[PDB]
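Student: First piece of the complex, coordinates kept as in the full assembly:
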Amino acid sequence: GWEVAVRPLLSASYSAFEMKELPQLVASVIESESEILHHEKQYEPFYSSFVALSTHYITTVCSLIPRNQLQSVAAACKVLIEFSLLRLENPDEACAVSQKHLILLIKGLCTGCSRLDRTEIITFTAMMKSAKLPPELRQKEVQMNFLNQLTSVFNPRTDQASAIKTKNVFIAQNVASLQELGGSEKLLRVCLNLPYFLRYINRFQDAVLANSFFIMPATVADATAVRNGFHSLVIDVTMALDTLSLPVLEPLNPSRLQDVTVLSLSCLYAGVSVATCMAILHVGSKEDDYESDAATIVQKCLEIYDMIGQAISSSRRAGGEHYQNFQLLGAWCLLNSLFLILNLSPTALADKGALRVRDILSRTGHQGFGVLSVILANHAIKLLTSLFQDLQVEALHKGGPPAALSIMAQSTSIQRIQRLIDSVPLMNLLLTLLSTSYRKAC
């Protein structure tokens, strides 16, 4: 009987999914639920490919599913999301699906559409063609959709827009299944346990101790090594961004809020370090491919910063001073990165052959600064504008130690700005950036 299932699958693989065969696969999954959840690695590939293809096809027909059959679709999708989160929590070698692809499958079950590419879809079909598996039927099917309608009612609250609305329900109840599995949390665990993200988070956390900002991709050799580590880092940043687009960080509670800030400041630092490495590359010295990779990395770095910022801002469990302090920390990181990229010369790099803003400060502009440098800089300017507007009103009609590098850290406006001023001669950094930009534009 496993045969007929791969069957509707391939029939639909050819020319879209036959809604008619759909009520068959839903049944299949809802049943083999326990099998998919607990199976032997002998048929891991089979089960994994089954789940991926099922998710993709159910998302393809998300907008068009019989309103009566809609509930069974939601049950089968809860089973599929269970398998996906289980795998993302416990990475398995016998699994035939990549963590990026699994995160993307959860994203699609929980979002408007699936994104698994067709090349990868045919790869899944081949891993399924592996066949490495371990009337009356109509009656059973309807009786089951029955035990479903009965037991639980859709509470379907919240003909060219009815598709919109069905997608809406699909999405919503799938999101609910996730929250149901606390996958959002499981998924924060996953985001904090990425292979390249572990080290980036370690360095950024070492830095919240006011140990100067200390980007590491800096020695000629270290920048060569990170250009080597550029492509794989893109893979991790992309995966993290795809994951944190879902309601992964919905309940921003101090506890979780800390980790949410951690991951955000983590890509911030990873991106600033990649920018510093590109700065060393242009100052000290497939290359175009690596350049595009690093550009994408810095872009998604700023994007994740912005996402976590807006999350803390519109949250009912976080925001105000908490959001203000997240902004403060982001601005600190960006300004320190700008300073490091500005003050690096062929001379210094060659002599080195772990920059410290305080090191350069005690020792005491052009070059290194580039297009990625423009990006970090514009963002820093936004954040500084915000903090300074705060300081205005605060001193309404003209109206402590530097703000600690922590999200919940309590500080006055003047204080956040004093920490941002004690980390870099600010007037200097700003004017230097102005001059350099003007010159380069000329």
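Tutor: Alright, I've got the coordinates. Numbering: from 1, shown residues only, chains lettered A, B, ... in the order given.
Student: Residue A:146: neighbouring residues, count only.
Tutor: 10 (other CB atoms under 10 Å). For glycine as for every other residue, the C-beta is placed from the backbone atoms N, C-alpha and C.
Student: quick one: it from residue A:72, how far?
Tutor: Relative to residue A:72, residue A:146 is positioned 10 Å away (CB to CB, to the nearest Å).
Student: Residue A:386 now?
Tutor: 49 Å.
Student: Give me the phi and psi for residue A:322.
Tutor: Main-chain dihedrals, residue A:322, degrees, to the nearest 10: phi -60, psi -50.
Student: and residue A:132, helix, strand or coil?
Tutor: With DSSP: H, G, I helix; E, B strand; the rest coil as the basis, residue A:132 sits in coil.
Student: Quick check: nearest residue in space to it, chain neighbours excluded?
Tutor: residue A:46 (4.8 Å; CB to CB, 6 or more residues apart in numbering).
Student: Buried ones in the helix or strand containing that neighbour, by neighbour count?
Tutor: Using DSSP states H and E, residue A:46 falls within helix A:44-60. Across helix A:44-60, burial judged by 16 or more other CB atoms under 10 Å covers A:44-59.
Student: What helices and strands are in contact with it?
Tutor: For helix A:44-60, the packing partners by 3 or more CB pairs under 8 Å, 6 or more residues apart in numbering; DSSP states H and E come out as helix A:2-15, helix A:22-37, helix A:67-89, helix A:99-110, helix A:118-129.
Student: Quick one: closest of the ones you listed to residue A:170.
Tutor: Closest to residue A:170 of the helices and strands packed on helix A:44-60, according to CB to CB: helix A:67-89, at 6.6 Å.
Student: what residues are up against residue A:158?
Tutor: The neighbourhood of residue A:158, defined by CB atoms under 8 Å, 6 or more residues apart in numbering, consists of residue A:172.
Student: Helix or strand for residue A:158, just tell me which one.
Tutor: Per DSSP H and E: nothing holds residue A:158, as it lies in no helix or strand.
Student: Assign a three-state SS to residue A:406, would you?
Tutor: The three-state label given to residue A:406 by three-state DSSP is coil.
Student: my read: it touches residue A:325, true?
Tutor: Yes - counting by CB atoms under 8 Å, residue A:325 is a contact partner of residue A:406 at 7.1 Å.
Student: And those two? Which one has more around it.
Tutor: Per other CB under 10 Å, whichever of residue A:406 and residue A:325 has more neighbours is residue A:325, with 22 against 14.
Student: the longest helix in chain A is where?
Tutor: Longest helix of chain A, by residue count under DSSP state H: helix A:254-284.
Student: Comparing residue A:386 and residue A:72, which residue is more hemmed in?
Tutor: residue A:72 (23 against 17).
Student: How about the contacts made by the residue nearest to that one when sequence neighbours are not counted?
Tutor: Excluding the flanking residues, the one nearest residue A:72 by CB to CB, 6+ apart is residue A:26, at 4.5 Å. Contacts for residue A:26 were tallied using CB under 8 Å, 6+ apart; they are A:58, A:69, A:72-73, A:75-76.
Student: if you set the cut-off to 7 Å instead, what comes out?
Tutor: A:72-73, A:76 (CB atoms under 7 Å, 6 or more residues apart in numbering).
Student: Same check on residue A:339?
Tutor: Per CB under 7 Å, 6+ apart, neighbours of residue A:339: A:357, A:424, A:429.
Student: and the first one, how many neighbours does it have?
Tutor: When counting by other CB under 10 Å, one arrives at 21 neighbours for residue A:357.
Student: neighbours of the residue nearest to it when sequence neighbours are not counted, just the number please.
Tutor: Closest residue to residue A:357 apart from its sequence neighbours, by CB to CB, 6+ apart: residue A:212 at 4.7 Å. Look at residue A:212: counted by other CB under 10 Å, it has 20 neighbours.
Student: Surely residue A:212 touches residue A:360?
Tutor: No - if you go by CB atoms under 7 Å, residue A:212 and residue A:360 don't touch, sitting 8.9 Å apart.
Student: Is residue A:396 in a helix, a strand, or coil?
Tutor: State at residue A:396, reduced to three classes by three-state DSSP: coil.
Student: Drop chain B onto that structure:
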Amino acid sequence: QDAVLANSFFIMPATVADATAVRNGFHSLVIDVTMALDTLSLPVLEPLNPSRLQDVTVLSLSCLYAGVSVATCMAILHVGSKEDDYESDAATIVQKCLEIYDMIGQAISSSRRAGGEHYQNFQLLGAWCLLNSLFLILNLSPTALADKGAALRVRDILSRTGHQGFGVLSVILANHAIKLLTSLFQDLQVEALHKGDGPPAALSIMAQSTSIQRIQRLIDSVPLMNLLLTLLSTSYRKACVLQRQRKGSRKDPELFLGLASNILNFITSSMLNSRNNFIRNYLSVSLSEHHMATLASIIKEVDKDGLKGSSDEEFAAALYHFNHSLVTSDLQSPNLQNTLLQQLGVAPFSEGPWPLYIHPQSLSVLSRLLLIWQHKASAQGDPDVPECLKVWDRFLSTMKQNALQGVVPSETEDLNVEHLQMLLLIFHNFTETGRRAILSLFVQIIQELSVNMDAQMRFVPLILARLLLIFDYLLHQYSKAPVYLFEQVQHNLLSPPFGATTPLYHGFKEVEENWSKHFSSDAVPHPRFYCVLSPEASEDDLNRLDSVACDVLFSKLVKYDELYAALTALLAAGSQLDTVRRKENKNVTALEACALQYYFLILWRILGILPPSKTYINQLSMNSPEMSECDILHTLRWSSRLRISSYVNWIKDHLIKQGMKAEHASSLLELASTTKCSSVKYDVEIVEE
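Tutor: That brings us to chain B, laid onto the chains above:
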């Protein structure tokens, strides 16, 4: 401020005279309110620092308290009862007051200095104030009013413990209160399960409290469930009143309907669907038989409304949504379930006649409850649910009684198709013991109804007709349950009633067509001529009766040899109705003619699928008796059958099963066969006679 202490909510215009004085001061109050609102509207309080945040919050609540006070004073005036001018001032005050609250609120929420937990506590304070005021206003009775004839202590009413005083202003406050309630409950939900106890949250924006504590505070301050239901009932009833007025303060029933619908949605989602244990526990405890009765009343009111309208439809759907939630939710105790069923009149263990016709939600709810009960038993392999077996036996009897009386019922007094469908579904879930007992009871009922032929011959048969549709469907399907019936029930009873003007009955082709003609032209308001065995394919007469049904018929429980007679004799039912109504210069109405056509059709199919019994084969083997009108009809039918061997076989094998000696069978069949001209001459002589 005094109220914030110990949530001692109070209002000073409790006395009508007090309210009158308050009204007198309405004008300047309006000016103050407008002025304050405008001042807040213009760029002000940019930094909501704790101190400023508190000050801003105070003003928000200041207007808030004033607005509810005005609403209360008006309610007091009404119960006691420039007039419009004062009403205008009061309405303006309430509206602008709520607007001040909302401004200060968006400010807190969006601000960068205190925008989140402070917003949440501001919302608690607001709800608390709104809920307290609403509760107080509803609790204001002219009696208590004159008794007083000043602080309206909510605690006193509760501690001490019509519902008049609810009006447009009450609706406004209720709506805003609902909004605040929804938010705090959504907050509860986002939190994972059972995060935690603790004390009622404190009435302070700065005070940091758990969402549960905030909700706990609201519940402790005022009974959330009671207030919600009170508002719901009052709103719906008031809307109905306005509707009646229109058939014969805002007179828009939709307004109250909207509020009522919102209340249903809030409870169902924020509470009923809430997985929070605390919430569920509170709900279960809050739930009372009184609430069930109120809910039942509203259901019946909606079901018996007879007017879909527009907003009414939305409210109706929401009502069902709430009803089904209750039926599925374990919060509703079995005691509460039975209470609601009795209040609807569909109690599955009540006495008297079974309600043949059941109202659209009264039926849907009953079906959901009974089916969930049968599933519970089936899940653990428990014995047939006694409740559903009693529905079945009280139905079979309202019916033996109805057919014994042979009185044509009205559409409101006739079994609805969807009801028949859910009953067949329940019959299936029953074990062999239950379904066999139902079959035996049906046989006994038909046999007893045949005891008086004269009465049956002069009665209209719509009800022996429905009993035999039932028995017929039982015959064809007595083991496996059909796919259509499932779909049928799910689509009709177990699915949102929005506002699909169709059930889903396999109607009779011949009967329904004739009805339509001699019937309302707009649409067929009701299926009175339908079928529940599907427009099936014409299988060979043989093998129609479900093998297991055949086995039961020939078991000791069923005396088929004699049910054959009661069935043959029954054909004369409603034969002299035309002879009677014409003698009395009356014409068989369309319903009556249609019914008579329906009955012959149903009994004709039954006589055909049921195997000829031994006594009757023996008769076909003598022919001396009268073989009356219908008797000869049946005889010719079976002779034609016997001419064909398949039927010979079918009938002879049934005789072997019947228990008749096999050789006896052979001989009888032979004689009846009258092979060759023998049969020709036999036909001839029977028609000759």
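Student: The contacts of residue A:26 with chain B there, same question as before?
Tutor: The neighbours of residue A:26, taking CB atoms under 7 Å, 6 or more residues apart in numbering or on different chains as the test, are A:72-73, A:76.
Student: Which of the residues you listed sits closest to residue A:7?
Tutor: Distances from residue A:7 to these, taken by CB to CB, are shortest for residue A:76, at 16.7 Å.
Student: Enumerate the residues of chain A near chain B.
Tutor: Counting by CB under 7 Å from any CB of the partner chain, the residues of chain A lying close to chain B are A:68, A:138-139, A:142-143, A:146-147, A:149-153, A:155-157, A:182, A:250-251, A:315-321, A:323-324, A:390, A:393-394, A:396.
Student: Could you tell me how far residue B:40 is located from residue B:106?
Tutor: 11 Å.
Student: Please identify which of those two sits among more neighbours.
Tutor: A direct count of neighbours by other CB atoms under 10 Å in any protein chain shown for residue B:40 and residue B:106 places residue B:40 higher, at 19 against 12.
Student: who's in contact with that one?
Tutor: B:100, B:103-104.
Student: And the residue of chain B that's closest to chain A?
Tutor: residue B:116 (3.8 Å; CB to the nearest CB).
Student: Tell me how many other residues crowd residue B:371.
Tutor: Neighbours of residue B:371 (other CB under 10 Å): 26.
Student: my bad, should have said residue B:146
Tutor: Quick note: residue B:146 (other CB under 10 Å) scores 12 neighbours.
Student: what packs against the helix or strand hosting it?
Tutor: Assessed by DSSP H and E, residue B:146 sits inside helix B:142-148. Contacts defined by 3 or more CB pairs under 7 Å, 6 or more residues apart in numbering or on different chains; DSSP states H and E place helix B:142-148 against helix B:50-80.
Student: And chain A, is the helix it packs on touching that?
Tutor: No - Helix B:50-80 stays clear of chain A (CB under 7 Å from any CB), getting no nearer than 9.3 Å.
Student: What's the first helix or strand after that helix?
Tutor: Heading C-terminal from helix B:50-80 (DSSP H and E), you reach helix B:83-110.
Student: List the buried residues in that next one.
Tutor: By 16 or more other CB atoms under 10 Å in any protein chain shown, the buried positions in helix B:83-110 come out as B:86-87, B:89-94, B:96-101, B:103-105, B:107-109.
Student: same deal with stretch A:350-362?
Tutor: Applying 16+ other CB under 10 Å to stretch A:350-362 flags A:352, A:355-358, A:360 as buried.
Student: cool, stretch A:432-442 as well?
Tutor: Buried, per 16+ other CB under 10 Å, within stretch A:432-442: A:432-433, A:436.
Student: Equivalent analysis for stretch A:191-209, please.
Tutor: Under the neighbour-count criterion of 16+ other CB under 10 Å, stretch A:191-209 has A:191, A:194, A:196-197, A:200-201, A:203-204, A:207-208 buried.
Student: List just the nearest of those residues to chain B.
Tutor: Using CB to the nearest CB, the buried residues of stretch A:191-209 come closest to chain B at residue A:191, 17.8 Å.
Student: ok now do the closest one, which residues does it touch?
Tutor: A:240, A:243-244, A:263.
Student: What number of residues are in the vicinity of residue A:4?
Tutor: By other CB under 10 Å, neighbour count at residue A:4 equals 13.
Student: and what of the one 3 residues further on?
Tutor: Burial of residue A:7, expressed as a neighbour count using other CB under 10 Å, amounts to 13.
Student: re the thing from before, would you mind listing the outside residues contacting the helix holding residue A:46?
Tutor: With contact meaning CB under 7 Å, 6+ apart, helix A:44-60 is reached by A:9, A:12, A:16-17, A:25, A:29, A:36, A:39, A:73, A:76-77, A:80, A:83, A:92, A:94-97, A:101, A:105, A:108-109, A:113-114, A:116, A:121, A:124-125, A:127-128, A:130, A:132-133.
Student: Buried ones only from these, please, as a PyMOL command.
Tutor: Here is the PyMOL selection string for the buried members of the contacts of helix A:44-60, based on 16+ other CB under 10 Å:
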select buried, chain A and resi 9+12+17+25+29+36+39+73+76+77+80+83+95+96+97+101+105+108+109+114+116+121+124+125+127+128+133
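Student: if I pick the closest residue to residue B:597 other than its chain neighbours, what's in contact with it?
Tutor: The spatial neighbour of residue B:597 that comes closest, neighbours along the chain excluded (CB to CB, 6 or more residues apart in numbering or on different chains), is residue B:511 at 5.5 Å. By CB under 7 Å, 6+ apart, residue B:511 lies in contact with B:529, B:594, B:597-598, B:601.
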